[PDB]
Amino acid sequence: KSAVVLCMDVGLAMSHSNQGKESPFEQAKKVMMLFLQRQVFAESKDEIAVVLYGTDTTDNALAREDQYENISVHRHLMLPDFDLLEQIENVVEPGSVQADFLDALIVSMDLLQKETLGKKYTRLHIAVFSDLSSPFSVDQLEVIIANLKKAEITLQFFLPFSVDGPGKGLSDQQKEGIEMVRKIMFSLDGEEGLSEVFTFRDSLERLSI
């Protein structure tokens, strides 16, 4: 069994619908639902948590005055079920704020650290879905990376656009986020780590690998 956190950006920018028929929020929710359905129908023993960032309310163990705001643990590290499918389909809505993705990463890491205690997993995994529109702080990022390595956590980033035809009108903040993702993945896995950065279009199959 593996332990997976789906770390999903639900911030306001994700709701903007200007590519195809679905906004990035709708696309990411669909992938999440299809993945969870696959896991349920297959009777997989993997445990799957869901952390949302950009939520209007805050609900996580690290939250305090000005810390880890607008990040919510929607599902703890457990086998998935149909209640979760129903819960995600009808509850998970776009947020009206933005949040710091490295705060969300830390919340996800803390969730794994606590809830895998004393148990054996084949891998620990965090999959981030985001358009990288939100600002973030790099404070103590070197410690985040050190702890990702120590815990042997694998990281995947999924974006609603390619980062390799016409340019796609990415903001400076999105370009900064892309570069930071590249810095993190290179820090974890060198050149091979940069290959762990994917599109929403490819995300469902890359999760199942």
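In case it trips you up, residue 1 is the first one in the sequence shown, and so on.
- The modelled chain breaks between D164 and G165, where 1 to 3 residues of the deposited sequence lack coordinates.
- Across the two stretches, 47-55 and 165-173, the PDB entry reports the greater mean Cα temperature factor for 165-173.
- Of the two stretches examined, 194-202 and 13-21, the record assigns the greater average C-alpha temperature factor to 194-202.
- Per the PDB entry, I88 shows the highest C-alpha temperature factor of the residues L111, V128, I88, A104.
- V97: CA B factor lies in the middle third for its chain, per the PDB record.
- Annotation for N70: C-alpha temperature factor in the lowest third relative to the rest of the modelled chain, per the entry.
- Sorting the modelled residues of the chain by their CA temperature factor places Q156 in the middle third.
- The entry lists a Cα temperature factor for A3 that places it in the middle third of the chain's modelled residues.
- In the deposited entry, the Cα temperature factor of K29 sits in the bottom third of values across the chain's modelled residues.
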